[PDB]
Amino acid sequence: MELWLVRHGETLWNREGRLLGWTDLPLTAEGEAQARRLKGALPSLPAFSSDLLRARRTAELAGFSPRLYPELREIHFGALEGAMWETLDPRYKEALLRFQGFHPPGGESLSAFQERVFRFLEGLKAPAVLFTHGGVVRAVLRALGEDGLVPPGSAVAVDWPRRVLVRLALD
């Protein structure tokens, strides 16, 4: 199934390097600019989006009217919400780097996050554009055997659950 996954535009925490999960931050001026550039670059397909502000706003500025699904939200970092990557305990840094064995207090485990994301993708019956988060795109790319890091406001199209089709970044 052709699916286009879009990483929302940047927020202040991108430059600051803080774990951004369910904390509902707004896009920055540049973030909104990134979203606008996506308009006309994404296919005209049914759209879905994380219900968090930054994702919804990206979808809007990209020219879509998506149906909201919390299942497309970034992982819930719990007590680690807002933590600077830099100061993150080695055990947590490693878990996030290797994308495994991560269960922050008061948050969501990486295994539960993957289950949530993949269950949502499984339910899609036809091609669609998904406005989501870095961790979601990462989970998908990693499951397809590729490096999952993509720039804010960029997109990736995949043939789920078989392969990556294209990565699109705009300047």
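The first residue of the shown sequence is 1; numbering continues from there.
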Given 36-44 and 142-150, the range whose Cα B-factors average higher in the PDB entry | 36-44
Where do the C-alpha atoms have the higher mean temperature factor in this entry, in 69-77 or in 92-100?
-> 92-100
Among 137, 130, 29, 124, highest Cα B-factor in the entry goes to 29
Selection by C-alpha B-factor (highest) of 170, 5, 1, 166 = 170
Within-chain third of residue 117 by Cα B-factor, per the entry = lowest
Give the position of residue 19 by CA B-factor within its chain, expressed as the lowest, middle or highest third.
-> middle
Within-chain third of residue 157 by Cα B-factor, per the entry = lowest
